[PDB]
Ligand SMILES: COc1ncccc1NC(=O)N1CCC[C@H](C(N)=O)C1
Ligand SMILES: [Zn+2]
């Protein structure tokens, strides 16, 4: 679990969005595993606008943060799960690191701000849904 709170927006993994997220929907994209909902309170986070390929992510299944080197956002094949058929997920960044399904939502940050959230993993890989191209989150 986990979310990014920026301005009057909440960014979550689309497959973990709640009834309240869908009732206050701003934007969603199944190919990116992202959903953004509107909030009444002002959010605590800021979004990185950079080309960093290193950062630190929060891993809830270890109660720890780990440093990572990750690929540029790309179109990556993701195996079928209970949430989606087998498909290509876009804007995904992979790194070597630990994850379990419940780690989805953990934030990846660089020195500039939030880069994305944990969205996929397995066998010592972890994948992050990038949010740095979503410029409207800041307006
Ligand atoms: C962090 O996730 C994991 N980590 C380790 C083992 C397995 C997983 N799970 C996944 O990768 N899933 C399940 C949830 C929906 C994901 C998607 N973005 O399509 C795919
Ligand atoms: Zn950065």
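Readers should treat all values here as calculations from the given coordinates under stated rules, not as data from a laboratory. Here the Cβ positions follow ideal geometry from the backbone for every residue, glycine too, while neighbour counts run over all protein chains shown.
Here are the numbers for the structure shown:
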| quantity | calculated |
| --- | --- |
| Sorted by Cβ density within 10 Å, fewest first, the residues 9, 58 | 58, 9 |
| Where labels lie 7 Å past Cα in the beta-carbon direction, separation of residue 139 and residue 72 in nm | 2.5 nm |
| Spacing of the two label points (7 Å from each Cα toward its C-beta) at residue 60 and residue 40, in nm | 2.5 nm |
| Rg to Rh, two decimals, where segment 3-44 supplies the alpha carbon set and Rh follows Kirkwood | 0.94 |
| Gaussian network model of the chain, Cα within-10 Å springs - most flexible of 95, 48, 80 | 80 |
| Gaussian network model of the chain, springs between alpha carbon atoms under 10 Å - residue of 33, 45, 103 with greatest fluctuation | 45 |
| Spin-label pair residue 20/residue 86, simplified geometry with 7 Å Cα→Cβ offset, distance in nm | 3.8 nm |
| Helical contribution to [θ] at 222 nm, DSSP H n ≥ 4, -39,500 (n - 2.57), averaged over the chain, rounded to 500 | -500 deg cm²/dmol |
| Relative contact order (percent, whole number), the chain, Cα cutoff 8 Å, 6+ residue spacing | 25 percent |
| Least to most buried among 35, 16 (fewest other Cβ within 10 Å first) | 16, 35 |
